[PDB]
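Here is how the chains run, residue by residue.
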Amino acid sequence: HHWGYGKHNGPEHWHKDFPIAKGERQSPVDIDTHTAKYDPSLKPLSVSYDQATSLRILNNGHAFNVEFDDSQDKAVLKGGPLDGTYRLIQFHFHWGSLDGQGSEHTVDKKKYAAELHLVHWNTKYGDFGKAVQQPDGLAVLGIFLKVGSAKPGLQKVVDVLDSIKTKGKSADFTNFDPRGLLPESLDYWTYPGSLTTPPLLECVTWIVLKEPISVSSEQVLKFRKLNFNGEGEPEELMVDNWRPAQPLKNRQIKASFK
Ligand SMILES: [Zn+2]
């Protein structure tokens, strides 16, 4: 497959190789704050990252993934809309060429400059590959980024990017604490959806935090020096690696907060 975010292989083309692109539970979506309803059935959300073990950072040609040891329950998400335990496998971001776009979810049609996705898989299915085949297989914690003050906890990521400029490059990335990327409040919206990149599988419980984090212009400008291309190939800046909002269809977005 040769999908991407270019002039000829972008999101509008994905359906040809991945027909589920036009499915009933595709992500991302626009979150209409005046239709989303507070849900008192939601249990407390628990983000348990104290024992997180990051390992490596990889430029995969469509974003970079910070990868974790998910061989045991070291960093998990539980509670909220979730039943059981979801293990952190990786995080990554989506960002724009300019600050006025970049996020995948939108809030009353507002686009943020970027969006962070912490991806977790349901341990009841044993491994990630099995989990993506199930409607309750993944939980993705989505966090909006706006440009303002620097995010201190992000700078260790920013500073390694020069070492993974091109597709296929990776670097050791141990001892990174994902708690440093959270906002103050864990208020969220939740709905059932999908992966936002091919294969677009409809396996995700989305938990999208209401409070954005702030990063500095200098930090985002470093993300925009990454490359989609491999070493020595014509330079294609890694920008605008976001899928636009997809139809909500029958779905309901629930708020954790009154
Ligand atoms: Zn993502």
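Refer to the structure presented above.
Scope of this entry: the structure provided in the associated data block.

Time to look at the layout of surface pockets. Taken as a whole, the largest pocket encloses approximately 540 Å³ of empty space. Lining the largest pocket are 19 residues, and of these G4, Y5, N9, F228 and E236 lie nearest its centre. The residue inventory of the lining of the largest pocket, partitioned by class, reads four nonpolar, eleven polar and four charged. Of the volumes computed, that of the second largest pocket is approximately 320 Å³.

Okay, the environment of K167 next. With respect to the helices and strands, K167 occurs in the loop between α2 (155-160) and β11 (170-172). Between the C-alpha atoms of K167 and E233, which are 66 residues apart in sequence, the distance is 10.0 Å. Not counting residues within four places of it along the chain, the set of residues in contact with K167 comprises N59, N60, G61, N227, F228, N229 and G230.

On to the coordination of the zinc ion. Protein coordination of the zinc ion is provided by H92 (NE2), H94 (NE2) and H117 (ND1), with donor distances spanning 2.0 Å. Each donor residue of the zinc ion belongs to the same chain, with the gaps between them written as H-x1-H-x22-H. Linking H94 in strand β7 (residues 86-95) with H117 in strand β9 (residues 114-122), this pair joins segments that are 23 residues apart in sequence. Exposure class is identical for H94 and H117. Each is buried.

Here we come to the environment of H92. For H92, the location among the structural elements is in strand β7. Taking the C-alpha atoms as reference, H92 lies 14 Å from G180; in sequence the two are 88 residues apart. Each residue touching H92, except ones within four places of it in the same chain, is listed here: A63, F64, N65, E115, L116, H117 and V119. At a separation of 3.3 Å, a polar atom in the side chain of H92 contacts the side chain of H94.

The rules we used
Residues numbered from 1 in each chain as written, not as in the entry; some residues may be left out. Heavy atoms only, no water. 1 Å grid on protein atoms, 1.4 Å probe; cavity = no way out; pocket = protein on both sides within 12 Å on 5 of 7 lines; lining within 4 Å. Points joined across faces, edges and corners; volume = space filled by probe spheres on them. Nonpolar A, V, L, I, M, F, W, Y, C, P; charged D, E, K, R; others polar. Helix = DSSP H or I, 4+ residues; strand = E, 2+ residues; numbered from the N terminus. Contact = heavy atoms within 4.5 Å. Donors = N, O, S within 2.8 Å, 3.2 Å for Na, K, Ca; no water. Buried < 20%, exposed > 50% of the residue type's maximum accessible area, 1.4 Å probe, protein only. Polar contact = N/O pair within 3.5 Å; in protein donor to acceptor, adjacent residues only side chain to side chain.

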